[PDB]
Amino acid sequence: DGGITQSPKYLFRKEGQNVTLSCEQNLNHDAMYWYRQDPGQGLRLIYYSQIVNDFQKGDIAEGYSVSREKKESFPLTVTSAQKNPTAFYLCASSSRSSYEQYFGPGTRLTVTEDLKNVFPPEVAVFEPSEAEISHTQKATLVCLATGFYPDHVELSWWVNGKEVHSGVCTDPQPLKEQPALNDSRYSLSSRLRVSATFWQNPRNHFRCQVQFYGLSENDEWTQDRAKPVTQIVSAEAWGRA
């Protein structure tokens, strides 16, 4: 049948560097739309295009530009002139302009003034409490990802080499370590609950894994701490009888 897609999921840039977001659609739609979504203001329309080779300004077009050479795509360029480029970016298409819209999966863009503000996640796994075991015959592990920036992480639990989902909850939202700071660093927690007897087996291996999306080769580092590049940070625990 078909759909509408966007890539990539996350984008990081130094302030002042132009970037272009991709949106592609094989739904045979004429009209395509770009929105940004900010927590106070919901969806705000940036640019739209009722038909091939025709586009026009949305409500917040300043610092953005588009083109529409082809029916199937509508690339959005974010220029240095934008000022608050950090946002969640959503593209959508409709059969004709003003009809029902179908949305792509969206793209997170974070832009910072200083590349020094970038940190990978520190990850730790905390072991189940003996009191919990005795009180409930269940055992909760907690994973903590701390001090990361940008807020572009994906967390997963692996038991005996394979990713589990049962008995897992991860915060829908990363936690800001300083609500006052603009380039505040982030934290995220997750829980994995298993029966007491499954935890009490030393044969059972538990791993929390955080995929971090940071700097690419293009970006250069001279600071003393290690280069905070796109990377996986893990922490581990074995059962205890």
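Numbering starts at 1 and runs along the sequence shown.
Exercise for review: Give the stretch, out of 62 to 70 and 200 to 208, with the larger mean C-alpha temperature factor in the deposited entry.
Suggested key: Between 62 to 70 and 200 to 208, it is 200 to 208.
*Decide which of the stretches 109 to 117 and 72 to 80 has the higher mean C-alpha B-factor, going by the entry.*
Here the higher of the two C-alpha B-factor means belongs to 109 to 117.
Checklist entry - At the C-alpha atoms, which of 32, 188, 215, 194 reaches the highest B-factor in this entry? => result 215 has the highest C-alpha B-factor of those listed.
Next item on the list: Can you work out whether the C-alpha temperature factor of residue 162 puts it in the lowest, middle or highest third of the chain?
Entry: Within its chain, residue 162 is a highest-third residue by C-alpha B-factor, going by the deposited values.
Exercise for the section: Just say lowest, middle or highest third for the CA B-factor of residue 173 relative to the other modelled residues in its chain. Expected result: For residue 173, the deposited C-alpha B-factor lands in the middle third.
Sorting the chain's modelled residues by C-alpha B-factor, tell me whether residue 43 ends up in the lowest, middle or highest third.
-> Middle third by C-alpha B-factor.
- Message: What third of the chain does residue 230 rank in for C-alpha temperature factor, lowest, middle or highest?
- Response: Its C-alpha B-factor, which the entry lists for residue 230, ranks in the highest third among residues of this chain.
Just say lowest, middle or highest third for the CA B-factor of residue 50 relative to the other modelled residues in its chain. Answer is lowest: the recorded C-alpha B-factor places it there.
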